[PDB]
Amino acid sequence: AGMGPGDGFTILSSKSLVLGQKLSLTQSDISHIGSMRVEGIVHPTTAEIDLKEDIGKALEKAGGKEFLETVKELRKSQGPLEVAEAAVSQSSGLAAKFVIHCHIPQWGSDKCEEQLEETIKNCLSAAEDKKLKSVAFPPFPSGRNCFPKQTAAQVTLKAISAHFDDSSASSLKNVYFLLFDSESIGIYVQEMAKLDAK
């Protein structure tokens, strides 16, 4: 019995952290981001807050004129985004309430692993600041000389645990990792196995 948060999403494997947050690896149809029953969606992007990759295009297609307008206004009012910075836009055409845009660091840059850790912590901070109960992280960008999958998964899971160890009041109860690639899924499975969970 395959089940998950909205049509297009299936939970593959989950781990429950000591203070009760649930991390769930989720088989995902990114084109169904509009149906996703998760309150916040992370949009990994650049300083310019551009709409590339499956997530950017799915948010663009679901959002319409209202979304293009909200991103344009956010660029004017808060942009450009600094490295590891997160900024929020009210959703258009989604079950989610907000899109959490973040400027992810480039692999090979000075302390990029620590900056990825800060990025993930800033996303969680942006979600909690809207009192969101759940947040979804889409696939990490995979262009030229991008972060190795094992490193990105290790760092993200470390950041998440650390954030929740440092809070006793965060509204977030569920974190989903949206994945569809068999190798990416295996990597998250291997990395989650090492956590203090269930």
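For every residue, the number given is its place in the sequence shown, counted from 1.
**Student:** Between 156-164 and 50-58, which has the larger average Cα B-factor in the PDB entry?
**Tutor:** Per the PDB record, 50-58.
**Student:** Mean C-alpha B-factor higher for 23-31, or for 66-74?
**Tutor:** Looking at the recorded C-alpha B-factors, 66-74 comes out higher on average.
**Student:** Just grab whichever of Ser125, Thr119, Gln106, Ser92 has the top CA B-factor as deposited.
**Tutor:** The C-alpha B-factor peaks, among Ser125, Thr119, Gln106, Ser92, at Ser92.
**Student:** Tell me, lowest, middle or highest third: where does the Cα B factor of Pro5 rank within its chain?
**Tutor:** It falls in the bottom third of the chain.
**Student:** Going by the recorded CA B-factors, say which third of the chain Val135 sits in, lowest, middle or highest.
**Tutor:** Bottom third by C-alpha B-factor.
**Student:** By its CA B factor, does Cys146 count among the lowest, middle or highest third of the modelled residues in the chain?
**Tutor:** For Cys146, the deposited C-alpha B-factor lands in the highest third.
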